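Here is the file final.tsv (TSV, C-alpha atoms).
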chain	number	residue	atom	x	y	z
A	1	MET	CA	0.00	0.00	0.00
A	2	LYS	CA	1.67	3.13	-1.33
A	3	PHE	CA	-0.12	6.38	-2.02
A	4	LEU	CA	0.97	7.57	-5.44
A	5	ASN	CA	-1.50	9.95	-7.09
A	6	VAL	CA	-4.31	12.38	-6.46
A	7	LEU	CA	-6.54	12.41	-9.49
A	8	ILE	CA	-8.83	15.29	-10.28
A	9	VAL	CA	-11.49	15.16	-12.95
A	10	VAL	CA	-11.52	18.00	-15.45
A	11	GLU	CA	-13.76	19.00	-18.33
A	12	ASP	CA	-10.90	19.88	-20.64
A	13	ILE	CA	-7.40	18.45	-20.36
A	14	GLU	CA	-5.60	21.09	-22.44
A	15	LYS	CA	-7.26	23.99	-20.66
A	16	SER	CA	-6.46	22.56	-17.24
A	17	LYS	CA	-2.84	21.89	-18.16
A	18	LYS	CA	-2.66	25.51	-19.20
A	19	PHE	CA	-4.40	26.76	-16.08
A	20	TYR	CA	-2.08	24.85	-13.83
A	21	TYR	CA	0.86	26.06	-15.85
A	22	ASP	CA	-0.06	29.72	-16.13
A	23	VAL	CA	-1.27	30.05	-12.54
A	24	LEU	CA	0.79	27.64	-10.48
A	25	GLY	CA	3.71	27.12	-12.83
A	26	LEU	CA	3.00	23.40	-12.75
A	27	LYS	CA	4.35	21.46	-15.72
A	28	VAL	CA	3.53	18.00	-17.07
A	29	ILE	CA	5.80	15.09	-16.16
A	30	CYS	CA	3.88	12.23	-17.75
A	31	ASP	CA	1.37	12.20	-20.62
A	32	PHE	CA	-1.21	9.53	-21.58
A	33	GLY	CA	-3.24	12.11	-23.51
A	34	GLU	CA	-6.60	11.82	-21.74
A	35	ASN	CA	-4.84	11.42	-18.40
A	36	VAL	CA	-1.91	13.73	-17.76
A	37	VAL	CA	0.30	13.84	-14.65
A	38	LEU	CA	1.60	17.17	-13.33
A	39	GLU	CA	4.50	17.87	-11.02
A	40	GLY	CA	3.61	16.46	-7.63
A	41	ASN	CA	1.80	13.48	-9.12
A	42	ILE	CA	-1.47	15.32	-9.65
A	43	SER	CA	-3.30	13.47	-12.39
A	44	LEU	CA	-5.74	15.32	-14.61
A	45	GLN	CA	-8.53	13.10	-15.94
A	46	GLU	CA	-10.98	13.95	-18.71
A	47	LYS	CA	-14.60	13.69	-17.55
A	48	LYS	CA	-16.19	11.81	-20.46
A	49	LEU	CA	-13.53	9.12	-20.26
A	50	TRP	CA	-13.87	9.12	-16.47
A	51	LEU	CA	-17.59	8.34	-16.79
A	52	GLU	CA	-16.77	5.09	-18.57
A	53	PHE	CA	-14.06	4.11	-16.08
A	54	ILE	CA	-16.24	4.26	-12.95
A	55	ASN	CA	-19.50	3.61	-14.80
A	56	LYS	CA	-21.62	6.59	-13.75
A	57	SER	CA	-23.93	8.77	-15.88
A	58	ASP	CA	-22.82	12.37	-16.47
A	59	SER	CA	-25.37	13.44	-13.85
A	60	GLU	CA	-23.64	11.35	-11.16
A	61	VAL	CA	-20.48	13.48	-11.37
A	62	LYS	CA	-20.70	16.80	-9.51
A	63	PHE	CA	-18.13	19.57	-9.19
A	64	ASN	CA	-17.56	22.37	-6.70
A	65	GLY	CA	-18.54	20.08	-3.84
A	66	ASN	CA	-15.84	21.89	-1.85
A	67	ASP	CA	-15.06	18.54	-0.18
A	68	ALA	CA	-11.28	18.44	-0.60
A	69	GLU	CA	-8.31	20.56	-1.61
A	70	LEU	CA	-4.86	20.35	-3.14
A	71	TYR	CA	-2.33	21.90	-0.79
A	72	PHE	CA	0.83	23.74	-1.90
A	73	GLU	CA	3.56	25.86	-0.35
A	74	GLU	CA	5.48	28.62	-2.14
A	75	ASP	CA	8.78	30.26	-1.11
A	76	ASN	CA	7.95	33.52	-2.84
A	77	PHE	CA	4.45	33.69	-1.47
A	78	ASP	CA	3.82	37.44	-1.79
A	79	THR	CA	5.06	37.70	-5.34
A	80	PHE	CA	2.89	34.72	-6.26
A	81	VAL	CA	-0.16	36.28	-4.57
A	82	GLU	CA	0.44	39.62	-6.19
A	83	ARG	CA	0.93	38.01	-9.61
A	84	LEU	CA	-2.30	36.18	-8.99
A	85	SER	CA	-4.07	39.48	-8.32
A	86	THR	CA	-3.13	40.85	-11.77
A	87	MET	CA	-4.82	37.91	-13.43
A	88	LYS	CA	-8.41	37.72	-14.63
A	89	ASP	CA	-11.17	35.28	-13.81
A	90	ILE	CA	-9.42	33.79	-10.79
A	91	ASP	CA	-12.20	32.21	-8.71
A	92	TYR	CA	-11.12	32.75	-5.09
A	93	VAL	CA	-12.70	30.62	-2.37
A	94	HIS	CA	-12.15	33.41	0.10
A	95	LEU	CA	-9.87	36.32	0.92
A	96	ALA	CA	-6.25	35.54	1.89
A	97	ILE	CA	-6.28	34.19	5.48
A	98	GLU	CA	-3.81	33.66	8.28
A	99	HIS	CA	-3.86	30.23	9.88
A	100	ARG	CA	-3.95	29.81	13.67
A	101	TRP	CA	-0.27	28.88	13.64
A	102	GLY	CA	0.79	32.02	11.75
A	103	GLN	CA	0.85	30.90	8.11
A	104	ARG	CA	-0.56	33.12	5.37
A	105	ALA	CA	-2.36	31.28	2.58
A	106	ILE	CA	-4.85	31.86	-0.26
A	107	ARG	CA	-7.48	29.54	-1.73
A	108	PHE	CA	-8.91	29.55	-5.24
A	109	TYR	CA	-10.55	27.15	-7.66
A	110	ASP	CA	-9.08	25.58	-10.75
A	111	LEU	CA	-11.17	25.33	-13.91
A	112	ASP	CA	-13.35	22.57	-12.49
A	113	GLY	CA	-14.32	23.56	-8.95
A	114	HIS	CA	-11.33	21.90	-7.33
A	115	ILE	CA	-9.90	23.88	-4.44
A	116	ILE	CA	-6.25	24.85	-4.45
A	117	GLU	CA	-4.58	26.27	-1.37
A	118	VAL	CA	-1.11	27.69	-1.52
A	119	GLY	CA	0.49	29.09	1.58
A	120	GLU	CA	3.82	30.38	2.86
A	121	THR	CA	6.38	27.68	3.41
A	122	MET	CA	6.24	26.55	7.02
A	123	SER	CA	9.97	27.21	7.45
A	124	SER	CA	9.41	30.83	6.55
A	125	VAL	CA	6.62	31.21	9.08
A	126	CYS	CA	9.00	29.94	11.75
A	127	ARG	CA	11.80	32.26	10.76
A	128	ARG	CA	9.41	35.17	10.82
A	129	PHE	CA	8.59	34.32	14.42
A	130	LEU	CA	12.19	33.71	15.40
A	131	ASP	CA	13.19	37.12	14.06
A	132	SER	CA	10.50	39.13	15.84
A	133	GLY	CA	12.25	38.07	19.07
A	134	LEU	CA	10.66	34.75	20.06
A	135	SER	CA	12.73	31.88	21.38
A	136	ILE	CA	12.61	28.60	19.54
A	137	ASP	CA	10.73	27.05	22.45
A	138	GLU	CA	8.31	29.91	22.34
A	139	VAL	CA	7.77	29.54	18.61
A	140	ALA	CA	7.06	25.87	19.05
A	141	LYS	CA	4.38	26.77	21.59
A	142	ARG	CA	3.08	29.63	19.47
A	143	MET	CA	2.42	27.15	16.65
A	144	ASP	CA	1.13	24.18	18.73
A	145	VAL	CA	4.09	22.03	17.64
A	146	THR	CA	7.30	20.50	18.99
A	147	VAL	CA	10.81	21.93	18.76
A	148	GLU	CA	11.80	18.72	16.96
A	149	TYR	CA	9.48	19.69	14.14
A	150	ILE	CA	10.74	23.25	13.82
A	151	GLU	CA	14.37	22.15	13.55
A	152	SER	CA	13.57	19.83	10.64
A	153	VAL	CA	11.88	22.63	8.69
A	154	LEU	CA	14.59	25.20	9.38
A	155	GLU	CA	17.50	23.32	7.77
A	156	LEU	CA	15.61	22.96	4.55
A	157	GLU	CA	14.80	26.58	3.58
B	1	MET	CA	5.47	26.02	-5.57
B	2	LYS	CA	5.58	22.56	-4.05
B	3	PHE	CA	2.67	20.19	-3.84
B	4	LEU	CA	2.52	18.81	-0.32
B	5	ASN	CA	-0.92	17.53	0.68
B	6	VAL	CA	-4.23	16.28	-0.62
B	7	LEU	CA	-6.89	17.16	1.89
B	8	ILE	CA	-10.19	15.34	2.10
B	9	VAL	CA	-13.12	16.53	4.16
B	10	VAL	CA	-14.70	14.01	6.50
B	11	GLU	CA	-17.68	14.01	8.84
B	12	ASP	CA	-15.84	12.23	11.64
B	13	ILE	CA	-12.05	12.29	12.12
B	14	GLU	CA	-11.83	9.28	14.44
B	15	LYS	CA	-14.03	7.05	12.25
B	16	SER	CA	-12.09	7.95	9.11
B	17	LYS	CA	-8.75	7.34	10.80
B	18	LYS	CA	-10.12	3.94	11.70
B	19	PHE	CA	-11.48	3.31	8.23
B	20	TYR	CA	-8.21	4.17	6.58
B	21	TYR	CA	-6.40	2.07	9.13
B	22	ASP	CA	-8.66	-0.98	9.03
B	23	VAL	CA	-9.11	-1.05	5.26
B	24	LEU	CA	-5.93	0.38	3.76
B	25	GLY	CA	-3.64	-0.08	6.75
B	26	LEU	CA	-2.89	3.63	6.67
B	27	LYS	CA	-1.56	5.08	9.90
B	28	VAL	CA	-1.30	8.65	11.17
B	29	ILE	CA	2.01	10.49	10.86
B	30	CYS	CA	0.97	13.91	12.11
B	31	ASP	CA	-1.89	14.95	14.42
B	32	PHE	CA	-3.48	18.40	14.94
B	33	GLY	CA	-6.65	16.81	16.33
B	34	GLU	CA	-9.22	18.22	13.91
B	35	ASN	CA	-6.80	17.82	11.03
B	36	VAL	CA	-4.86	14.58	10.94
B	37	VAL	CA	-2.28	13.57	8.30
B	38	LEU	CA	-2.00	9.96	7.13
B	39	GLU	CA	0.87	8.15	5.43
B	40	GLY	CA	1.22	9.68	1.99
B	41	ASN	CA	0.36	13.16	3.19
B	42	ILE	CA	-3.37	12.66	2.98
B	43	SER	CA	-4.92	15.14	5.36
B	44	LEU	CA	-8.27	14.39	6.98
B	45	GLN	CA	-10.26	17.54	7.79
B	46	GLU	CA	-13.36	17.73	9.98
B	47	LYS	CA	-16.34	19.20	8.11
B	48	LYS	CA	-17.67	21.66	10.71
B	49	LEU	CA	-14.23	23.18	11.15
B	50	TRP	CA	-13.80	23.18	7.39
B	51	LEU	CA	-16.99	25.25	6.99
B	52	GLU	CA	-15.42	28.01	9.06
B	53	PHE	CA	-12.11	27.87	7.17
B	54	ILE	CA	-13.48	28.42	3.66
B	55	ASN	CA	-16.58	30.27	4.83
B	56	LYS	CA	-19.41	28.25	3.25
B	57	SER	CA	-22.71	27.10	4.79
B	58	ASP	CA	-23.14	23.38	5.44
B	59	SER	CA	-25.30	23.19	2.31
B	60	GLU	CA	-22.43	24.43	0.14
B	61	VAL	CA	-20.34	21.32	0.88
B	62	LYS	CA	-21.35	18.25	-1.10
B	63	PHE	CA	-19.95	14.71	-1.02
B	64	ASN	CA	-20.00	11.81	-3.46
B	65	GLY	CA	-19.50	14.14	-6.36
B	66	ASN	CA	-17.24	11.46	-7.83
B	67	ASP	CA	-15.00	14.23	-9.20
B	68	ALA	CA	-11.63	12.93	-7.99
B	69	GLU	CA	-9.88	9.94	-6.47
B	70	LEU	CA	-6.96	8.96	-4.28
B	71	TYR	CA	-4.76	6.50	-6.14
B	72	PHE	CA	-2.79	3.69	-4.48
B	73	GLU	CA	-0.72	0.68	-5.52
B	74	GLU	CA	-0.33	-2.54	-3.50
B	75	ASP	CA	2.30	-5.29	-3.90
B	76	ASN	CA	0.02	-7.98	-2.50
B	77	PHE	CA	-2.96	-6.90	-4.55
B	78	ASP	CA	-4.94	-10.16	-4.49
B	79	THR	CA	-4.63	-10.72	-0.78
B	80	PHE	CA	-5.72	-7.15	-0.18
B	81	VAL	CA	-8.70	-7.54	-2.52
B	82	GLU	CA	-9.70	-10.80	-0.95
B	83	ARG	CA	-9.38	-9.35	2.56
B	84	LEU	CA	-11.55	-6.52	1.37
B	85	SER	CA	-14.21	-8.97	0.24
B	86	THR	CA	-14.52	-10.47	3.74
B	87	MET	CA	-15.34	-7.06	5.18
B	88	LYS	CA	-18.77	-5.54	5.60
B	89	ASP	CA	-20.22	-2.27	4.34
B	90	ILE	CA	-17.48	-1.63	1.79
B	91	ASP	CA	-19.03	0.77	-0.76
B	92	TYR	CA	-17.55	-0.29	-4.12
B	93	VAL	CA	-17.62	2.18	-6.99
B	94	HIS	CA	-17.64	-0.72	-9.39
B	95	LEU	CA	-16.46	-4.28	-9.87
B	96	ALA	CA	-12.69	-4.89	-10.05
B	97	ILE	CA	-11.49	-3.74	-13.50
B	98	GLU	CA	-8.45	-4.27	-15.72
B	99	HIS	CA	-6.96	-1.13	-17.19
B	100	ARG	CA	-6.15	-0.88	-20.89
B	101	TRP	CA	-2.45	-1.28	-20.08
B	102	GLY	CA	-2.98	-4.54	-18.17
B	103	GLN	CA	-3.30	-3.37	-14.54
B	104	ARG	CA	-5.92	-4.82	-12.21
B	105	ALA	CA	-7.47	-2.34	-9.76
B	106	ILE	CA	-10.54	-1.88	-7.56
B	107	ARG	CA	-12.34	1.29	-6.53
B	108	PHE	CA	-14.41	1.93	-3.40
B	109	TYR	CA	-15.49	4.88	-1.28
B	110	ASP	CA	-14.24	5.88	2.11
B	111	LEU	CA	-16.71	6.98	4.78
B	112	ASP	CA	-17.37	10.27	3.06
B	113	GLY	CA	-17.89	9.57	-0.63
B	114	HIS	CA	-14.25	10.01	-1.54
B	115	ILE	CA	-13.08	7.53	-4.17
B	116	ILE	CA	-10.13	5.30	-3.45
B	117	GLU	CA	-8.44	3.24	-6.15
B	118	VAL	CA	-5.83	0.65	-5.36
B	119	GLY	CA	-4.28	-1.30	-8.16
B	120	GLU	CA	-1.45	-3.74	-8.77
B	121	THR	CA	1.97	-2.16	-8.67
B	122	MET	CA	2.99	-1.21	-12.19
B	123	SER	CA	6.26	-3.17	-11.91
B	124	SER	CA	4.23	-6.31	-11.27
B	125	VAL	CA	2.04	-5.76	-14.33
B	126	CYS	CA	5.20	-5.38	-16.41
B	127	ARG	CA	6.85	-8.47	-14.92
B	128	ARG	CA	3.68	-10.43	-15.58
B	129	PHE	CA	3.85	-9.55	-19.29
B	130	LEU	CA	7.54	-10.32	-19.48
B	131	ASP	CA	6.96	-13.80	-18.12
B	132	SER	CA	4.15	-14.78	-20.49
B	133	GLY	CA	6.76	-14.54	-23.22
B	134	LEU	CA	6.71	-10.91	-24.38
B	135	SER	CA	9.91	-9.03	-25.14
B	136	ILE	CA	10.59	-5.85	-23.26
B	137	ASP	CA	10.04	-3.82	-26.42
B	138	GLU	CA	6.76	-5.63	-26.93
B	139	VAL	CA	5.63	-4.98	-23.37
B	140	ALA	CA	6.37	-1.27	-23.76
B	141	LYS	CA	4.15	-1.23	-26.86
B	142	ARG	CA	1.49	-3.36	-25.15
B	143	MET	CA	1.21	-0.72	-22.41
B	144	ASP	CA	1.52	2.42	-24.58
B	145	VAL	CA	4.79	3.41	-22.85
B	146	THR	CA	8.53	3.64	-23.46
B	147	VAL	CA	11.20	1.05	-22.62
B	148	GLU	CA	12.89	3.73	-20.51
B	149	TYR	CA	9.85	3.78	-18.26
B	150	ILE	CA	9.62	0.04	-17.82
B	151	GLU	CA	13.28	-0.24	-16.78
B	152	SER	CA	12.78	2.24	-13.94
B	153	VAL	CA	9.81	0.53	-12.29
B	154	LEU	CA	11.50	-2.85	-12.62
B	155	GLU	CA	14.20	-1.71	-10.23
B	156	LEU	CA	11.61	-1.22	-7.51

Rewrite the structure from the file as structure tokens, please.
Amino acid sequence: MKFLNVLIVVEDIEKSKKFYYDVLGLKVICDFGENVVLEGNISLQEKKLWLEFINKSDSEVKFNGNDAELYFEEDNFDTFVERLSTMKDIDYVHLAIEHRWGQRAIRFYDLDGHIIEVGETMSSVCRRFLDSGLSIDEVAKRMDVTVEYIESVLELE
Amino acid sequence: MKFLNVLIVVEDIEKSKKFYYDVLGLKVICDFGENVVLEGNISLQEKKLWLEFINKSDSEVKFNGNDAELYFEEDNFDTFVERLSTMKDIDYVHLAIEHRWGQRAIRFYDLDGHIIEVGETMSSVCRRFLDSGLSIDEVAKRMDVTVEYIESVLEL
């Protein structure tokens, strides 16, 4: 038992590939035509074909259920967010939020109602805290996590 | 930009943790209580809490949309499948299928309408073909892939 791929169903493979490339900078790493795999092992699957695979009528496949999300982290968070703001027809789920543990993140939909969240890298949230004057033990408490955790994220930035 | 987690929304964190553990053998690797991460970086998220996070009324969150799936591979595919058949209340999406490229796989739902697919490991599909007499070049053509690809998986 090994988890390998998250598959998302899309209406149009070429448009989604473009959306993920223009917006997230995600490129293809494997192509089967009707099923393409993006960096991170995110598989895009064409709907019509999908219907045959799982044997469900077109009515049995709903989108925008808001029941899951693809989660990403970006080193240059601000620049990404601000580039995202210059773009048109970006369907945001909500305004940019700040998680309980200090991490800024934004959430928007792809072309098919699938939620994408991209937030600051955890290691950068820590460093932000460590520079405002907090001790490492304090930071660990501030974020409801152990000092072990913080040290593993720090030596990876 | 680094993809880190697939998050799935569930009605009950403890029941899902149990479901993923009993059925797939998936254990927890990180716990925030209301948001638990399983092996593979699959994050379970409690619905009520989720509603607050993305600001949507309970009616705006639908399940069983069949618009995605979590994809797994298992070395001991048959034994897993047959263990799965002895269990009760397993919501299958469909009968066990065979993909165009030769791979057997089954699909079933978790406790919240999320689709799970677990299939044979690719390397085992390949090896199977290579033993029935096919050349490596033939296998690559049989599966619509390159010989480069097949050589990688066979060292796994």

TODO: Step by step: start from the point (-6.4, 12.1, 3.7) in the file's coordinates, keep every protein, DNA or RNA residue that has an atom no farther than 9 Å from it, count only C-alpha atoms, and write the set as a PyMOL selection string.
DONE: chain B and resi 5-10+16-17+20+36-45+70

Restrict the selected residues to C-alpha atoms and save them as an mmCIF file, in the frame of the given file.
data_model
loop_
_atom_site.group_PDB
_atom_site.id
_atom_site.type_symbol
_atom_site.label_atom_id
_atom_site.label_comp_id
_atom_site.auth_asym_id
_atom_site.auth_seq_id
_atom_site.Cartn_x
_atom_site.Cartn_y
_atom_site.Cartn_z
ATOM 1 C CA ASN B 5 -0.920 17.530 0.680
ATOM 2 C CA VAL B 6 -4.230 16.280 -0.620
ATOM 3 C CA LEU B 7 -6.890 17.160 1.890
ATOM 4 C CA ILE B 8 -10.190 15.340 2.100
ATOM 5 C CA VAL B 9 -13.120 16.530 4.160
ATOM 6 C CA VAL B 10 -14.700 14.010 6.500
ATOM 7 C CA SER B 16 -12.090 7.950 9.110
ATOM 8 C CA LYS B 17 -8.750 7.340 10.800
ATOM 9 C CA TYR B 20 -8.210 4.170 6.580
ATOM 10 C CA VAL B 36 -4.860 14.580 10.940
ATOM 11 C CA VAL B 37 -2.280 13.570 8.300
ATOM 12 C CA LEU B 38 -2.000 9.960 7.130
ATOM 13 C CA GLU B 39 0.870 8.150 5.430
ATOM 14 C CA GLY B 40 1.220 9.680 1.990
ATOM 15 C CA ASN B 41 0.360 13.160 3.190
ATOM 16 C CA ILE B 42 -3.370 12.660 2.980
ATOM 17 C CA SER B 43 -4.920 15.140 5.360
ATOM 18 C CA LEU B 44 -8.270 14.390 6.980
ATOM 19 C CA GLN B 45 -10.260 17.540 7.790
ATOM 20 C CA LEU B 70 -6.960 8.960 -4.280
#

Open item on the list: Give me the residues near range 86-92 of chain A as a PyMOL selection string, where near means some atom within 10 Å (using only C-alpha atoms) and where sequence neighbours in that chain fewer than 4 positions away do not count.
Closed with: chain A and resi 22-23+81-82+96+106-111+113+115-117

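CA of residue 75 in chain B is positioned 9.2 Å from CA of residue 123 in chain B.
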
Task: For residue 105 in chain A, the nearest of the candidates B:93, B:54, B:49, B:153, counting all atoms listed in the file - done: B:54

Could you build a table of the residues in chain B lying no more than 9 Å from chain A, giving for each the nearest pair of atoms and their separation in Å rounded to one decimal place, using only C-alpha atoms, ordered by chain and ascending residue number, as CSV?
residue,atom,partner,partner_atom,distance
B:1,CA,A:74,CA,4.3
B:2,CA,A:72,CA,5.3
B:3,CA,A:72,CA,4.4
B:4,CA,A:72,CA,5.4
B:5,CA,A:71,CA,4.8
B:6,CA,A:70,CA,4.8
B:7,CA,A:69,CA,5.1
B:8,CA,A:68,CA,4.3
B:9,CA,A:67,CA,5.2
B:10,CA,A:67,CA,8.1
B:24,CA,A:1,CA,7.0
B:25,CA,A:1,CA,7.7
B:26,CA,A:1,CA,8.1
B:32,CA,A:144,CA,8.3
B:39,CA,A:3,CA,7.7
B:40,CA,A:3,CA,5.4
B:41,CA,A:3,CA,8.6
B:42,CA,A:3,CA,8.7
B:45,CA,A:68,CA,8.5
B:47,CA,A:67,CA,8.4
B:50,CA,A:67,CA,9.0
B:53,CA,A:97,CA,8.8
B:54,CA,A:94,CA,6.3
B:55,CA,A:94,CA,7.2
B:56,CA,A:66,CA,8.9
B:60,CA,A:65,CA,7.1
B:61,CA,A:65,CA,5.2
B:62,CA,A:65,CA,4.3
B:63,CA,A:65,CA,6.2
B:64,CA,A:62,CA,7.9
B:65,CA,A:62,CA,4.3
B:66,CA,A:61,CA,5.2
B:67,CA,A:9,CA,5.2
B:68,CA,A:8,CA,4.3
B:69,CA,A:7,CA,5.1
B:70,CA,A:6,CA,4.8
B:71,CA,A:5,CA,4.8
B:72,CA,A:3,CA,4.5
B:73,CA,A:2,CA,5.4
B:74,CA,A:1,CA,4.3
B:75,CA,A:1,CA,7.0
B:76,CA,A:1,CA,8.4
B:77,CA,A:1,CA,8.8
B:93,CA,A:54,CA,6.5
B:94,CA,A:54,CA,6.3
B:97,CA,A:53,CA,8.7
B:99,CA,A:53,CA,8.9
B:107,CA,A:54,CA,8.1
B:114,CA,A:67,CA,8.7
B:118,CA,A:1,CA,7.9
B:144,CA,A:32,CA,8.2
B:145,CA,A:32,CA,8.7

Task: Of the listed residues B:122, B:108, B:149, B:128, that which approaches residue 90 in chain B most closely, counting all atoms listed in the file - done: B:108

Could range 72-84 of chain A be written out with N, CA, C and O atoms, as a PDB file, in the first residue's frame, please?
ATOM      1  N   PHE A  72      -0.507  23.345  -1.449  1.00  0.00           N
ATOM      2  CA  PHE A  72       0.827  23.738  -1.896  1.00  0.00           C
ATOM      3  C   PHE A  72       1.475  24.784  -1.006  1.00  0.00           C
ATOM      4  O   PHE A  72       0.794  25.527  -0.298  1.00  0.00           O
ATOM      5  N   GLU A  73       2.802  24.849  -1.071  1.00  0.00           N
ATOM      6  CA  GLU A  73       3.562  25.861  -0.350  1.00  0.00           C
ATOM      7  C   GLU A  73       4.483  26.516  -1.359  1.00  0.00           C
ATOM      8  O   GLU A  73       4.979  25.857  -2.272  1.00  0.00           O
ATOM      9  N   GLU A  74       4.682  27.822  -1.205  1.00  0.00           N
ATOM     10  CA  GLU A  74       5.477  28.615  -2.142  1.00  0.00           C
ATOM     11  C   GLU A  74       6.456  29.553  -1.431  1.00  0.00           C
ATOM     12  O   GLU A  74       6.042  30.386  -0.631  1.00  0.00           O
ATOM     13  N   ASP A  75       7.748  29.421  -1.729  1.00  0.00           N
ATOM     14  CA  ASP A  75       8.776  30.264  -1.106  1.00  0.00           C
ATOM     15  C   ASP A  75       8.507  31.741  -1.295  1.00  0.00           C
ATOM     16  O   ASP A  75       8.571  32.519  -0.346  1.00  0.00           O
ATOM     17  N   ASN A  76       8.228  32.128  -2.532  1.00  0.00           N
ATOM     18  CA  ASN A  76       7.954  33.521  -2.844  1.00  0.00           C
ATOM     19  C   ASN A  76       6.464  33.766  -2.825  1.00  0.00           C
ATOM     20  O   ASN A  76       5.865  34.143  -3.832  1.00  0.00           O
ATOM     21  N   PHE A  77       5.879  33.558  -1.652  1.00  0.00           N
ATOM     22  CA  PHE A  77       4.445  33.689  -1.467  1.00  0.00           C
ATOM     23  C   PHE A  77       3.838  35.014  -1.936  1.00  0.00           C
ATOM     24  O   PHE A  77       2.911  35.031  -2.749  1.00  0.00           O
ATOM     25  N   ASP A  78       4.347  36.126  -1.417  1.00  0.00           N
ATOM     26  CA  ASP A  78       3.820  37.440  -1.786  1.00  0.00           C
ATOM     27  C   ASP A  78       3.819  37.705  -3.280  1.00  0.00           C
ATOM     28  O   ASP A  78       2.807  38.131  -3.853  1.00  0.00           O
ATOM     29  N   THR A  79       4.959  37.452  -3.913  1.00  0.00           N
ATOM     30  CA  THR A  79       5.057  37.696  -5.337  1.00  0.00           C
ATOM     31  C   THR A  79       4.068  36.833  -6.091  1.00  0.00           C
ATOM     32  O   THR A  79       3.507  37.272  -7.095  1.00  0.00           O
ATOM     33  N   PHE A  80       3.848  35.611  -5.611  1.00  0.00           N
ATOM     34  CA  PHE A  80       2.889  34.719  -6.256  1.00  0.00           C
ATOM     35  C   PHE A  80       1.474  35.290  -6.114  1.00  0.00           C
ATOM     36  O   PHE A  80       0.714  35.357  -7.093  1.00  0.00           O
ATOM     37  N   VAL A  81       1.143  35.707  -4.889  1.00  0.00           N
ATOM     38  CA  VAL A  81      -0.159  36.276  -4.571  1.00  0.00           C
ATOM     39  C   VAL A  81      -0.408  37.523  -5.381  1.00  0.00           C
ATOM     40  O   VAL A  81      -1.494  37.719  -5.926  1.00  0.00           O
ATOM     41  N   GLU A  82       0.593  38.387  -5.439  1.00  0.00           N
ATOM     42  CA  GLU A  82       0.442  39.619  -6.185  1.00  0.00           C
ATOM     43  C   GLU A  82       0.411  39.389  -7.705  1.00  0.00           C
ATOM     44  O   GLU A  82      -0.145  40.211  -8.448  1.00  0.00           O
ATOM     45  N   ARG A  83       1.004  38.291  -8.179  1.00  0.00           N
ATOM     46  CA  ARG A  83       0.934  38.006  -9.613  1.00  0.00           C
ATOM     47  C   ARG A  83      -0.474  37.502  -9.882  1.00  0.00           C
ATOM     48  O   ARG A  83      -1.089  37.803 -10.914  1.00  0.00           O
ATOM     49  N   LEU A  84      -0.977  36.750  -8.917  1.00  0.00           N
ATOM     50  CA  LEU A  84      -2.304  36.184  -8.995  1.00  0.00           C
ATOM     51  C   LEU A  84      -3.384  37.260  -9.028  1.00  0.00           C
ATOM     52  O   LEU A  84      -4.447  37.068  -9.623  1.00  0.00           O
TER      53      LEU A  84
END
